[PDB]
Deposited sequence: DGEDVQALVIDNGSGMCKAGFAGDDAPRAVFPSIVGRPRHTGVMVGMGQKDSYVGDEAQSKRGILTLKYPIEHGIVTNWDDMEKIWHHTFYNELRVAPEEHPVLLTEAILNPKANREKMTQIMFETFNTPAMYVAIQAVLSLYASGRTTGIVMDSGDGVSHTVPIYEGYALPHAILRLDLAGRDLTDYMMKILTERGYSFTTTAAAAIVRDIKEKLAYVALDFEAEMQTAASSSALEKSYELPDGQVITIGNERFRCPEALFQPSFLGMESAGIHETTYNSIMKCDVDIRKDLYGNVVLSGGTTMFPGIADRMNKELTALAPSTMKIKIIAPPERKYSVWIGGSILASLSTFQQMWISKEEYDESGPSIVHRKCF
């Protein structure tokens, strides 16, 4: 029984290889006391419980833009995952973990070390998240557009392996979108003032936002009619109306200038990655643009990516955008499938190999 853990900036996804969906999805947050020693309960809380008790904790995210920045806190996340979420003893299970593209060498080693030395895993494997999403989509070649909470990436992959030179990174993702939505609703005339403000605005974004096919035309419709407006009930029971904010918020993926960024949008980043690849494979990248992650979850996003890439590529290029409804957990599902393969027991780093080679074994086994 292998375990699959997909660690993200915002959310940890965890479960059992062979399941078709994560068993546990929780915020990637470690809470520690503001004042030590004076009250019952150094000391820590993880996930939803940390969020609940946030008024008396200092909350931290161990993962920033997909990369681990606090190993002490990451360890708390894994301990909670094993013991509280999956309810397993980690020494009893092979563990598949996931990593960002271009994950620094020292980080891959530290993760391996923590698994074998702290958690006594009998076996582990680290897989690249985008490659996992591609496999989940039943493809070995394509370009993955991964957008989560802290980071977006375009990742071309050919015959099973990412092309590192062609990879592009956009530091604009879901957190930026939630903030932008807060900003533009505030300007409309609303005021999100309670402690639940970030979650209310995030929920409005997740429930009511969409990507406009033609942005200027939607702005028009929205200005001239009330056809696009939706009501949203606040926790207190107040009902507010969400107008053009529904599509203006995710528009910032296509127009990072909305956010004060000079960078290219997601359609252009995708195109730029494709153009860094050998001309002979481009047609297969355009024909296999896989969307993956929570921030790809907006309705209309695929149609807009198709439209934008169509305008960027020669007119005879076949463009296919692949955006399955379950794409929020594509990485996890690809891991589940990989970890279930009759061939997976020969892929993993065993405790025995770790003992003989130490943490640098990961570079030789996992790529």
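For this chain, the deposited residues without C-alpha positions form the stretches 1-5, 47-49, given in sequence order.
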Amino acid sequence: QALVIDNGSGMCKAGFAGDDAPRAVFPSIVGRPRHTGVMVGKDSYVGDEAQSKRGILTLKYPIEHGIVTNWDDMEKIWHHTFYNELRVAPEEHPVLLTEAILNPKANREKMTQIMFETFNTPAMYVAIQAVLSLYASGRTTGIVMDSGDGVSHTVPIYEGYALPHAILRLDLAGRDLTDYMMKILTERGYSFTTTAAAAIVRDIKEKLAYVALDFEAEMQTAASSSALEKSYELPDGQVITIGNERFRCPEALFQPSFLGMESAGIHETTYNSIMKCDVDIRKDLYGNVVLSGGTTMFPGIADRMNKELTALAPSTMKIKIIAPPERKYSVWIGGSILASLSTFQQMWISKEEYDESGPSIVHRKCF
From here on, numbers count along this sequence of modelled residues.
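Relative to its counterpart among 198-206 and 219-227, 219-227 has the higher mean temperature factor, C-alpha atoms as listed in the PDB entry. Looking at mean Cα B-factors across 113-121 and 289-297, the upper value is held by 113-121. Reading the B-factor column for the CA atoms of 159, 149, 187, 92 in the entry, the top value corresponds to 187. Listed residues 176, 99, 251, 233 were ranked by CA B-factor as deposited; 233 comes out on top. Per-chain ranking of the deposited C-alpha B factor places residue 351 in the highest third.
Per-chain ranking of the deposited C-alpha B factor places residue 329 in the middle third.
Split the chain's modelled residues into thirds by C-alpha temperature factor. Residue 40 is in the highest one.
In the PDB entry, residue 336 places in the lowest third of its chain by CA B-factor. The entry lists a Cα temperature factor for residue 183 that places it in the highest third of the chain's modelled residues.
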